[PDB]
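Given next are the chains, with one letter for each unit.
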Amino acid sequence: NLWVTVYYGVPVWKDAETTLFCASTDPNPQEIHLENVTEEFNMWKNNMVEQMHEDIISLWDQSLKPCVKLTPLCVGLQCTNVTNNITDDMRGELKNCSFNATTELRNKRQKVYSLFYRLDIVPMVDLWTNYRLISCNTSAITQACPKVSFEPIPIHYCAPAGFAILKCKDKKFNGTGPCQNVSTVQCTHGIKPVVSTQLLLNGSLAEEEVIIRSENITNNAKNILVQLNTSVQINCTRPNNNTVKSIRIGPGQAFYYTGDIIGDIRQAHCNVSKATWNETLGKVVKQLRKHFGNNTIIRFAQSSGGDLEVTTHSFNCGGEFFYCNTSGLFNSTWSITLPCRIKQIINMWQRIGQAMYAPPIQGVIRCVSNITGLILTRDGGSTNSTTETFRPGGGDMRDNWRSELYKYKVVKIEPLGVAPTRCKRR
Amino acid sequence: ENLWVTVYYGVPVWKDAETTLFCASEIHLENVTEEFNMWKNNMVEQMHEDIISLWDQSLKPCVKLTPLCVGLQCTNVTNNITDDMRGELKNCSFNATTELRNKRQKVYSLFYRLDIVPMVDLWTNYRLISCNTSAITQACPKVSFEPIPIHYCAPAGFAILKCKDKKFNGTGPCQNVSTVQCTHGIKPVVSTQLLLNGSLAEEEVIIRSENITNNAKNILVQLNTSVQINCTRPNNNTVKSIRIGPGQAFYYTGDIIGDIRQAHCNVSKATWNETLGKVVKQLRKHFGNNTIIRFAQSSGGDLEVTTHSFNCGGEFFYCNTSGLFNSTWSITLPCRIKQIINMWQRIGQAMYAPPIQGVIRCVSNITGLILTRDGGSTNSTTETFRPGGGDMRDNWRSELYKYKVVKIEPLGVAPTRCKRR
Amino acid sequence: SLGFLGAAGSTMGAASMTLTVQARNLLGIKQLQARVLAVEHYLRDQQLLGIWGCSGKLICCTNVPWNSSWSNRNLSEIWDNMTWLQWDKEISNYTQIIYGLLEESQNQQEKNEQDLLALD
Amino acid sequence: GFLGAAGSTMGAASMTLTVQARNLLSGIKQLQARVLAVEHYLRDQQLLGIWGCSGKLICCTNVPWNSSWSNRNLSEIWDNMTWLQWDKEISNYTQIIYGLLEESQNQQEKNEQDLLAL
Amino acid sequence: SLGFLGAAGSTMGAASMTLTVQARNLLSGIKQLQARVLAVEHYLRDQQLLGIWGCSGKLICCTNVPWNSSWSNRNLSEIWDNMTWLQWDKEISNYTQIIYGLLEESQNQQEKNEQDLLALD
Ligand SMILES: *[C@@H]1O[C@H](CO)[C@@H](O[C@@H]2O[C@H](CO)[C@@H](O[C@@H]3O[C@H](CO)[C@@H](O)[C@H](O)[C@@H]3O)[C@H](O)[C@H]2NC(C)=O)[C@H](O)[C@H]1NC(C)=O
Ligand SMILES: *[C@@H]1O[C@H](CO)[C@@H](O[C@@H]2O[C@H](CO)[C@@H](O)[C@H](O)[C@H]2NC(C)=O)[C@H](O)[C@H]1NC(C)=O
Ligand SMILES: *[C@@H]1O[C@H](CO)[C@@H](O[C@@H]2O[C@H](CO)[C@@H](O)[C@H](O)[C@H]2NC(C)=O)[C@H](O)[C@H]1NC(C)=O
Ligand SMILES: *[C@@H]1O[C@H](CO)[C@@H](O[C@@H]2O[C@H](CO)[C@@H](O)[C@H](O)[C@H]2NC(C)=O)[C@H](O)[C@H]1NC(C)=O
Ligand SMILES: *[C@@H]1O[C@H](CO)[C@@H](O)[C@H](O)[C@H]1NC(C)=O
Ligand SMILES: *[C@@H]1O[C@H](CO)[C@@H](O)[C@H](O)[C@H]1NC(C)=O
Ligand SMILES: *[C@@H]1O[C@H](CO)[C@@H](O)[C@H](O)[C@H]1NC(C)=O
Ligand SMILES: *[C@@H]1O[C@H](CO)[C@@H](O)[C@H](O)[C@H]1NC(C)=O
Ligand SMILES: *[C@@H]1O[C@H](CO)[C@@H](O)[C@H](O)[C@H]1NC(C)=O
Ligand SMILES: *[C@@H]1O[C@H](CO)[C@@H](O)[C@H](O)[C@H]1NC(C)=O
Ligand SMILES: *[C@@H]1O[C@H](CO)[C@@H](O)[C@H](O)[C@H]1NC(C)=O
Ligand SMILES: *[C@@H]1O[C@H](CO)[C@@H](O)[C@H](O)[C@H]1NC(C)=O
Ligand SMILES: *[C@@H]1O[C@H](CO)[C@@H](O)[C@H](O)[C@H]1NC(C)=O
Ligand SMILES: *[C@@H]1O[C@H](CO)[C@@H](O)[C@H](O)[C@H]1NC(C)=O
Ligand SMILES: *[C@@H]1O[C@H](CO)[C@@H](O)[C@H](O)[C@H]1NC(C)=O
Ligand SMILES: *[C@@H]1O[C@H](CO)[C@@H](O)[C@H](O)[C@H]1NC(C)=O
Ligand SMILES: *[C@@H]1O[C@H](CO)[C@@H](O)[C@H](O)[C@H]1NC(C)=O
Ligand SMILES: *[C@@H]1O[C@H](CO)[C@@H](O)[C@H](O)[C@H]1NC(C)=O
Ligand SMILES: *[C@@H]1O[C@H](CO)[C@@H](O)[C@H](O)[C@H]1NC(C)=O
Ligand SMILES: *[C@@H]1O[C@H](CO)[C@@H](O)[C@H](O)[C@H]1NC(C)=O
Ligand SMILES: *[C@@H]1O[C@H](CO)[C@@H](O)[C@H](O)[C@H]1NC(C)=O
Ligand SMILES: *[C@@H]1O[C@H](CO)[C@@H](O)[C@H](O)[C@H]1NC(C)=O
Ligand SMILES: *[C@@H]1O[C@H](CO)[C@@H](O)[C@H](O)[C@H]1NC(C)=O
Ligand SMILES: *[C@@H]1O[C@H](CO)[C@@H](O)[C@H](O)[C@H]1NC(C)=O
Ligand SMILES: *[C@@H]1O[C@H](CO)[C@@H](O)[C@H](O)[C@H]1NC(C)=O
Ligand SMILES: *[C@@H]1O[C@H](CO)[C@@H](O)[C@H](O)[C@H]1NC(C)=O
Ligand SMILES: *[C@@H]1O[C@H](CO)[C@@H](O)[C@H](O)[C@H]1NC(C)=O
Ligand SMILES: *[C@@H]1O[C@H](CO)[C@@H](O)[C@H](O)[C@H]1NC(C)=O
Ligand SMILES: *[C@@H]1O[C@H](CO)[C@@H](O)[C@H](O)[C@H]1NC(C)=O
Ligand SMILES: *[C@@H]1O[C@H](CO)[C@@H](O)[C@H](O)[C@H]1NC(C)=O
Ligand SMILES: *[C@@H]1O[C@H](CO)[C@@H](O)[C@H](O)[C@H]1NC(C)=O
Ligand SMILES: *[C@@H]1O[C@H](CO)[C@@H](O)[C@H](O)[C@H]1NC(C)=O
Ligand SMILES: *[C@@H]1O[C@H](CO)[C@@H](O)[C@H](O)[C@H]1NC(C)=O
Ligand SMILES: *[C@@H]1O[C@H](CO)[C@@H](O)[C@H](O)[C@H]1NC(C)=O
Ligand SMILES: *[C@@H]1O[C@H](CO)[C@@H](O)[C@H](O)[C@H]1NC(C)=O
Ligand SMILES: *[C@@H]1O[C@H](CO)[C@@H](O)[C@H](O)[C@H]1NC(C)=O
Ligand SMILES: *[C@@H]1O[C@H](CO)[C@@H](O)[C@H](O)[C@H]1NC(C)=O
Ligand SMILES: *[C@@H]1O[C@H](CO)[C@@H](O)[C@H](O)[C@H]1NC(C)=O
Ligand SMILES: *[C@@H]1O[C@H](CO)[C@@H](O)[C@H](O)[C@H]1NC(C)=O
Ligand SMILES: *[C@@H]1O[C@H](CO)[C@@H](O)[C@H](O)[C@H]1NC(C)=O
């Protein structure tokens, strides 16, 4: 009675992993809401996070190729103390280091004197030198081009023809499971590739409430990503009127360094309010209690030691990589100012062999910045769920980008299908 | 009239389009009028970008002269120097590097004054020019820069329309239009004041300019006859080379055998005078029969834009051009030689042209000019033109002006009486 | 008027009215790989329709009868009470048998038409 | 020859559709050019396919001609116009015509689906 | 059943029943993309050439071009039962362009005749 009828253009899809376009090529966005659908999402199996990670690494590596190498500056340094007025907390933090640098001429050196942060130098004992640059015994140092900025620029990931991106609009979406309010887009919204290690800055806020996302909430080896519904503002500054000088080290190689600091030296601090931070932590704890016992005491603590790039909270305020100390922020059991250390020679992500030198920017650097999320890690159930301790632990950078790509899934369109009809060909 | 839409595929229509053309190395269209605009032709922009990219890719895998940015002790040349060549050449000495890293060497060499700059020192006198701005790379002595005809070809689905009209001024409708897939062989000849080894007009000198009333734009003059230019550097240069590193080689002028004379380029007086007569006859069509036309010297810039650059055999001849123009309506024109050149109009890069052995003598066909109008608002009817410089696109726009890239739109609709059942 | 995949959650007998909306939306190294793979997927689907004798059609009726072992449902529940996604899931790993039957049926049809057109 | 009929009248140019065809299909820039030509060819073939005109160069349809698109008679259209002038004249309605063509095919297959269901 | 080219050494009649098996195998870092683009271009040129002849969508296409005895004077029994496609293709070398031109012209005339027949009220 019934016959096979072939249809082409069937609105069905399968989960798939394909290559996405990076648009910024400004797209004309479209969004089609899908009525009466349910789609299973899994933010921790989303290939878009791995592809975004690879794209950011490739763009970063490409940006540093046509730039000045600092190979001739891997020389011994004669470092002494800074003669300006400093406080007790900054004793030994900044050093005045002299060295012999090359010039455009191959057989004519030049004495130089430059201020360096203590974190950027390592002791090395010789008759006339005291320190060397931290990375010169591990890898070449490449100077970032001063014409190229670091500041995140929102980008869009776009599926190729034959593929589509599904967006989950459900409130209180925990990152996995079914989603009912699902729409189809060709390109994602503008996602800022913001680089941070403990707090998520300039990201997306939750529509309804604080959302706690974990691949396995009972596995203490996985990170917990907390998205806030309200932002908490961070005011960061390096209160030092830095005077930047430069020297020519090769035929086309110009090197930039700290020349001097005008006036007294004061430390580099980020201010977060106390009323809103206390409300934020109360909300986070209230949401945590829904994944643990209702009478379990939840306490926050300082991060563990080891690997300064992880133990501190990074930004890219101005053009200078801060590294703040959240120990005074999470020291509570359920304003505020954070001493931030400055480095210039940065090994970003967890790579070894590619060292980038961030040149200083003249003047003061002050930036205000929305905190939109947190990365928390649990210490472990050593008390049998009597008391739980959470720390602002670090993790791979994928966790920050996943915190934006959790709403998107890539699906492959399958235009063909078959179905019974009474239609017989002849 | 009971008409129905009929869909036709293979419709002979097109749209103006900008697409990517590829390099390589003719169907007449009757009753077709096509509007051309040589100053909106994206083939010139693509040719410019392609030549820049090809040049940079050819220069990249070559010997760098970074170790040669050292101080030099330069003295006067001890050969017989004529009155015009005094101070143009220096006998410089510079210690250099060697295949090994623990040794050095001494390298006497003969440099042009344009290639070195005075420095502030007590022991050395000069530096190589641009060592304080960019790295200098030597252009591999195998590869050549000799112009080779390049054909620009459209992708499938696109076509190139060629205007065959006589007295075509670069814009407006063309009546004689042909379709090609690839252009003819266009030589990427590099020059500034005069256009060499190009095509000729069939009937008369053609004056092509954008908004000719605006004197800020350049005027491209295409001749219908050629003017033979005979350039030479009468000097038997003996070239030596040094290792300066494993697998590296630097070439320099060792000495000059015989007397030293300047680079003289000869231009026939009568042919050039007739050419300028033709140019003023055509300019008067745009300025008035009673307008006096003066051809003055180029000014307002450095050696790169105020002289006639002209690769010949390898060495770049910056000819003064004072013996041309210089009039109100054999010429042994002096020329300067420069070795550390910066082609295009960039800054971040520099190229060293290795000297070529023996006497250099070329014979080139002047097929066009680039002129600039002095301007002013006096209503004096005494317009003055100079052989001003410009972007390199104006040389490549002196060709590729009759070609337009169009996208084929084979799909179309039309009414017919045909109804599908 | 619903847009691309707008009918994806609608019933099969309603979503079948929007096949042209889906069809029109099917068309540096990474960008070329994405464009070439989209072209290859389109061409494989078009060749597969051509093998079945359905070239140039979006709704193509065939001569393969429906087996009750593939889906023991009536037309009302298939077309009016379920979506194409649920149908596609229901007949997963039965489509290769259907495709083979369609290929063989078209080969037999082409031979029969050639023999009919060979009669004087 | 290719585009030789571009200056001919449409009645004469419509007989050279196979001459205009075949010229649509035949280091990274050359590969991008090839992919672009293939993409445009496939977009045009899909656009014909969704109209029920697949495999044909002259395809008759069931969409009546609207006098608001062009009020010329067939003698003037086919004997006194080239395809370029015609394309310029009706460009502002081309997409509207395409939409109507698509709609006709959407109905046509459904009717055929019903006729074969008897 | 016989595989991709299993019928290559079989007779033309037997090999004509395996067209879909070979048709499926025509479609399925810079040099890999060049290879893929070349495969796509060859497929599309063949599909276009069939479309010009009015054979689009069919693997066996009957036409209106009579066979010329100057191309091959073998009878159907010898061509289809005692000859392979490779030997036949060798036999009709230097004649395929004439056949292709005749097929193109015949389809153009067929399209004009169909358009005129459909223009009768
Ligand atoms: C999060 O977003 C905020 C808001 O965009 C970022 O702060 C803003 O950053 C821009 C770009 O650096 C600042 O513009 C700069 O201003 C200085 C002023 O001297 C100027 O010299 C630079 O050339 C540039 O124009 C802008 O001032 C700043 N605005 C505010 C209100 O903070 C912030 O950097 C982002 N945070 C992260 C971690 O990406
Ligand atoms: C860093 O050290 C340099 C010397 O290496 C200091 O430069 C000297 O500063 C004194 C200040 O009284 C001057 O009198 C000298 O003439 C300077 N010498 C040179 C060579 O510049 C520099 O001031 C030090 N900077 C800081 C911040 O302590
Ligand atoms: C920078 O260069 C100066 C050049 O004078 C170095 O000073 C001399 O160093 C040698 C050993 O390299 C000593 O024997 C001399 O006595 C030094 N001269 C003076 C006046 O102190 C200086 O040590 C170099 N600095 C660094 C950090 O390498
Ligand atoms: C690189 O060196 C050249 C040569 O000295 C500089 O160019 C000269 O700059 C002076 C500046 O006082 C001018 O007066 C001269 O006319 C220039 N001469 C030439 C031949 O160019 C150039 O400015 C230097 N560039 C840098 C970045 O230091
Ligand atoms: C710098 O001063 C601090 C105390 O002000 C002292 O502890 C430190 O050792 C000094 N460093 C040097 C290099 O003199
Ligand atoms: C480079 O020096 C640091 C100084 O502590 C040391 O930890 C590191 O291991 C050194 N690198 C290598 C490759 O040994
Ligand atoms: C998200 O919520 C759904 C609701 O049923 C639950 O099944 C799922 O396990 C949750 N996932 C996580 C990661 O909390
Ligand atoms: C889905 O989310 C959007 C977000 O604004 C909302 O407007 C829409 O009503 C939601 N859909 C449903 C079915 O609730
Ligand atoms: C954020 O969530 C808290 C949860 O108590 C709620 O009180 C507050 O109003 C929410 N804010 C917004 C802007 O949704
Ligand atoms: C993962 O989650 C399940 C859910 O109950 C839990 O039983 C399991 O222990 C978790 N994995 C680990 C490694 O703890
Ligand atoms: C500092 O922080 C508060 C709260 O985070 C914010 O409202 C205020 O605008 C900031 N002020 C400055 C000067 O950065
Ligand atoms: C941070 O707080 C300190 C405390 O006094 C203040 O001096 C500084 O100005 C604050 N920073 C900003 C950016 O407002
Ligand atoms: C942050 O400050 C606390 C204050 O006790 C200190 O113990 C901790 O080590 C600091 N963080 C880092 C990364 O040094
Ligand atoms: C730093 O001091 C200099 C003194 O000349 C002044 O011109 C400059 O504006 C100051 N910069 C800042 C950021 O205070
Ligand atoms: C930060 O939060 C405030 C709160 O309203 C918002 O208006 C502002 O635009 C946010 N800034 C950024 C950079 O996201
Ligand atoms: C070299 O020639 C220049 C030309 O002016 C002259 O000034 C200079 O004195 C001459 N030097 C010697 C050593 O002859
Ligand atoms: C070029 O010739 C056309 C002929 O129609 C004319 O309209 C146009 O103004 C001319 N332009 C120049 C710059 O001579
Ligand atoms: C077009 O130019 C060509 C160039 O040789 C010439 O042969 C032909 O006669 C010209 N046709 C017209 C119509 O001017
Ligand atoms: C070139 O054009 C001029 C117009 O002034 C004419 O007199 C001359 O004879 C032409 N030459 C040729 C070879 O046609
Ligand atoms: C041409 O130049 C004149 C100079 O006054 C100016 O007024 C006019 O707008 C210009 N036209 C164009 C098209 O550039
Ligand atoms: C140069 O012109 C002469 C006659 O003017 C001609 O014979 C010769 O072929 C031309 N050469 C080139 C390269 O244009
Ligand atoms: C330069 O001087 C050296 C000194 O020995 C001499 O050998 C060489 O020939 C001289 N070169 C010129 C060009 O005068
Ligand atoms: C150029 O003309 C001069 C006239 O004195 C002559 O001596 C010289 O040899 C000529 N050179 C060439 C290359 O024609
Ligand atoms: C240029 O040189 C050639 C060489 O044969 C000669 O025939 C011609 O007359 C010369 N022309 C001039 C203007 O010197
Ligand atoms: C100049 O005189 C000639 C003589 O015939 C004439 O044809 C031309 O139009 C005149 N031009 C002007 C600008 O007066
Ligand atoms: C060209 O020669 C004249 C002769 O007086 C001279 O004034 C002019 O400066 C020369 N050109 C250049 C670019 O030096
Ligand atoms: C240029 O013209 C002036 C005008 O009198 C003349 O004196 C001078 O000699 C001329 N120079 C050249 C190089 O033609
Ligand atoms: C230059 O002089 C050398 C001396 O041996 C000779 O061999 C060579 O041929 C000369 N060059 C020319 C171009 O005559
Ligand atoms: C969703 O289901 C309801 C239930 O009747 C139906 O009315 C509605 O049309 C469905 N949505 C779509 C897009 O068809
Ligand atoms: C298909 O139908 C036949 C009878 O028509 C039956 O024997 C066969 O088992 C069915 N297919 C499957 C996969 O069961
Ligand atoms: C189709 O089968 C279902 C299964 O129970 C039944 O409920 C429904 O009434 C049937 N419909 C028809 C039209 O037979
Ligand atoms: C075939 O598809 C059905 C559809 O649900 C599924 O249940 C069955 O497991 C599939 N067969 C195999 C072998 O997986
Ligand atoms: C161009 O128009 C003339 C007018 O008589 C006509 O004879 C000729 O055939 C037309 N050209 C073409 C290619 O049809
Ligand atoms: C023809 O077009 C007009 C508007 O362009 C429209 O109102 C009219 O309905 C169309 N004709 C038909 C028969 O629908
Ligand atoms: C077509 O319309 C034009 C209007 O200009 C008219 O002259 C011509 O005779 C008409 N043709 C027919 C066949 O009615
Ligand atoms: C098409 O529309 C544009 C503006 O919308 C108008 O300028 C043009 O003349 C129109 N074309 C026709 C053929 O009427
Ligand atoms: C090969 O030839 C033999 C001849 O006896 C035939 O039987 C056999 O079928 C042929 N092979 C194939 C694959 O058809
Ligand atoms: C076969 O080809 C010959 C070649 O001239 C031709 O004369 C003959 O008419 C052709 N046969 C048929 C039936 O057309
Ligand atoms: C076909 O031709 C061959 C060779 O002339 C002959 O042996 C055979 O019998 C012929 N067959 C038929 C059916 O005519
Ligand atoms: C085709 O032409 C070539 C040219 O020499 C010839 O060798 C070959 O035999 C011809 N083909 C046939 C089937 O005769």
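Residues numbered from 1 in each chain as written, not as in the entry; some residues may be left out. Chains lettered and ligands numbered in written order. Part of a larger assembly, values for the part shown. Heavy atoms only, no water.

In the PDB header, cryo-EM is given as the technique by which the entry was determined, and 3.3 Å as its resolution.

Draft legend 1. Main features of the overall build of chain A. The secondary structure content of chain A amounts to four helices and 28 strands. Seen through its principal axes, chain A has C-alpha atoms that stretch 100 × 60 × 35 Å. Burial analysis of chain A (426 residues in total) assigns 51% to the buried set. Of the roughly 19,400 Å² of accessible surface on chain A, a fraction of 47% belongs to carbon and sulfur atoms. Side-chain charges of chain A comprise 45 positive and 35 negative groups, with the mean position of each set lying 2 Å from the other. (Helix = DSSP H or I, 4+ residues; strand = E, 2+ residues; numbered from the N terminus. Buried < 20%, exposed > 50% of the residue type's maximum accessible area, 1.4 Å probe, protein only. Areas by Shrake-Rupley, 256 points an atom, 1.4 Å probe, with all protein chains shown as cover. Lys, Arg positive; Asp, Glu negative; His and termini not counted. Charge placed at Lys NZ, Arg CZ, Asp CG, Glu CD.)

Draft legend 2. Summary view of the overall build of chain B. When helices and strands are tallied, chain B shows four helices and 31 strands. Projected onto the principal axes, the alpha-carbon positions of chain B cover approximately 100 × 60 × 35 Å. A total of 421 residues make up chain B; the buried ones form 53% of that total. Total accessible area computed for chain B in this model is approximately 19,200 Å², and 46% of it derives from carbon and sulfur atoms.

Draft legend 3. Expanded view of the nonpolar core. Core analysis: the largest hydrophobic core is formed by 134 residues, its most contacted members being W14 of chain B, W84 of chain C together with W83 of chain D. Tallying contributions element by element places helix α3 (residues 29-51) of chain C first for this core, with five residues. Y117, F292, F300 and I342 of chain A belong to the second-largest nonpolar core, a separate cluster that totals 45 residues. (Core = buried A, V, L, I, M, F, W, Y, C linked by side-chain atoms within 4.5 Å.)

Draft legend 4. View of the sheet that holds strand β24 (residues 355-357) of chain A. Residues and elements named next belong to chain A. With respect to topology, three strands assemble into an open sheet ordered β11-β24-β23, the strand pairing being mixed. Each of the sheet's edge strands pairs with one partner strand only, and the pair in question is β11 (141-143) and β23 (345-346). Bridge count between β11 and β24: three bridges; the pairing is parallel. Looking across to β24, one finds that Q143 is bridged to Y357. (Pairing = 2+ DSSP bridges.)

Draft legend 5. Molecular detail of helix α1 (residues 42-59) of chain B. The end-to-end C-alpha separation of α1 of chain B is 26 Å, in line with the 26 Å expected for 18 residues at 1.5 Å each. Taken together, the buried positions of α1 of chain B are occupied by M43, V44, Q46, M47, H48, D50, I51, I52, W55 and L59 of chain B. (Expected span 1.5 Å × (residues − 1).)

Draft legend 6. Representation of the packing of α3 of chain C against helix α3 (residues 28-49) of chain D in the model. Viewed as axis vectors pointing N to C, α3 of chain C and α3 of chain D meet at an angle of 30°, and their least axial separation amounts to 11 Å. Here α3 of chain C lies roughly parallel to α3 of chain D, going by the angle between them. Classified by chirality, the crossing of α3 of chain D by α3 of chain C is left-handed. Here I29, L32, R35, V36, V39, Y42 and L43 of chain C of α3 of chain C lie close against α3 of chain D, whose contacting residues are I28, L31, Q32, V35, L36, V38, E39, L42 and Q46 of chain D. A per-class count over the contact of α3 of chain C with α3 of chain D returns twelve nonpolar, two polar and two charged. (Axes fitted to C-alpha atoms, helices over the stretch in contact; angles between N-to-C directions. Parallel < 35°, antiparallel > 145°, perpendicular 65-115°, else oblique. Left-handed = near helix turned anticlockwise from the far one by under 90°. Contact = heavy atoms within 4.5 Å. Nonpolar A, V, L, I, M, F, W, Y, C, P; charged D, E, K, R; others polar.)

Draft legend 7. Fine view of the state of the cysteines. Residue and element names in this part refer to chain A. One pass over the structure, following the stated rule, counts 21 disulfides over all chains. With its sulfur 2.0 Å from that of its partner, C158 forms a disulfide with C187. Torsion about the S-S bond of the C158 and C187 cystine: about 110°, corresponding to right-handed handedness. With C158 in strand β12 (residues 156-158) and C187 in the loop between β15 (182-185) and β16 (199-201), this residue pair connects regions lying 29 residues apart in the sequence. In this structure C187 comes out as partly exposed when scored by relative accessible area, which is 21%. There is a disulfide in this structure between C236 and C270, and the S-S distance comes to 2.0 Å. (Disulfide = S-S within 2.5 Å.)

Draft legend 8. Quick peek at the site of ligand 18. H28, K164 and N176 of chain B make up every residue found near ligand 18. For ligand 18, whose unbound accessible area comes to 360 Å², protein coverage reaches 32%. (Near = heavy atom within 4 Å.)

Draft legend 9. Geometry of a nonpolar patch on the surface. A surface patch of nonpolar side chains, amounting to about 250 Å² of accessible area, comprises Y94, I97 and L101 of chain C. Note that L101 of chain C resides in helix α6 (residues 95-116). (Patch = residues over 30% accessible without salt bridge, like charges linked within 9 Å, V, L, I, M, F, W, Y side chains within 5 Å. Salt bridge = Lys/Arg side-chain N within 4 Å of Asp/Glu carboxyl O.)

Draft legend 10. Seen up close, the side chain of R208 of chain B. Residue and element names in this part refer to chain B. Of note, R208 is situated in strand β17 (residues 206-209). A polar atom in the side chain of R208 sits 2.5 Å from the side chain of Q222. With near-sequence residues (within four places) excluded, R208 lies in contact with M38, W39, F168, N169, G170, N218, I219, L220, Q222 and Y401. (Polar contact = N/O pair within 3.5 Å; in protein donor to acceptor, adjacent residues only side chain to side chain.)

Draft legend 11. Summary view of the interface of chain C and chain A. Taken together, the 58 residues of chain C in the interface contact 43 residues of chain A. Taken together, both faces of the contact between chain C and chain A bury some 4,500 Å²; the carbon and sulfur share is 69%. Remark: the boundary between chain C and chain A carries two salt bridges. We note a salt bridge from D88 of chain C to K14 of chain A, for which the minimum N-O separation is 2.2 Å. For the interface between chain C and chain A, the tally reads 15 residue pairs in polar contact. Secondary-structure elements contributing two or more residues to the side of chain C that touches chain A are α1 (12-15), α2 (19-23), α3, β1 (59-65), α4 (75-79), α5 (84-90) and α6 of chain C. (Buried area = accessible area lost by both parts, 1.4 Å probe.)

Draft legend 12. Geometry of the interface of chain C and chain D. The interface of chain C with chain D comprises 21 residues on the first partner and 19 residues on the second. A buried area of about 1,900 Å², summed over both sides, lies between chain C and chain D, and 63% of it is on carbon and sulfur atoms. At the junction of chain C and chain D, the tally comes to two salt bridges. For the salt bridge of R24 of chain C with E102 of chain D, the shortest nitrogen-to-oxygen distance reads 3.0 Å. The interface formed by chain C and chain D contains seven residue pairs in polar contact. Contributing elements (two or more residues each) for the side of chain C that touches chain D: α2, α3 and β1 of chain C. Split by residue class, the side of chain C that touches chain D holds 13 nonpolar, five polar and three charged.

Draft legend 13. Broad picture of the arrangement of the chains. There is no contact between chain B and chain C; across them, the least C-alpha separation is 15 Å. At the C-alpha level, the nearest point of chain A lies 14 Å from chain E, with no contact between them.

Draft legend 14. Structural view of the site of ligand 14. Residues and elements named next belong to chain A. Taken together, the residues surrounding ligand 14 are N241, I262, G363 and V364. With respect to ligand 14, the side chain of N241 contributes an N or O atom lying 2.4 Å from an oxygen atom. Here ligand 14, which alone exposes 360 Å², has 31% of that area covered by the protein.

Draft legend 15. Highlighting the packing of aromatic side chains. Tallying each qualifying case throughout the model produces 39 aromatic pairs over all chains. For the ring pair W344 of chain B and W396 of chain B, a centre distance of 5.8 Å and an interplane angle of 55° mean the geometry is tilted. Linking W344 of chain B in the loop between β26 (340-341) and β27 (350-352) with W396 of chain B in helix α4 (residues 393-396), this pair joins segments that are 52 residues apart in sequence. Note on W344 of chain B: relative accessible area 11%, which makes it buried. Classification of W396 of chain B as buried rests on a relative accessible area of 2%. It is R213 of chain A that lies over the ring of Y406 of chain A; its NZ or CZ is 3.7 Å from the centre. The ring of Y401 of chain B has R208 of chain B lying over it, and the distance from NZ or CZ to the ring centre is 3.8 Å. (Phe/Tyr/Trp six-rings, centres within 6.5 Å; stacked < 30°, edge-to-face > 60°. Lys NZ or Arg CZ within 6 Å of the ring centre and 35° of its normal.)

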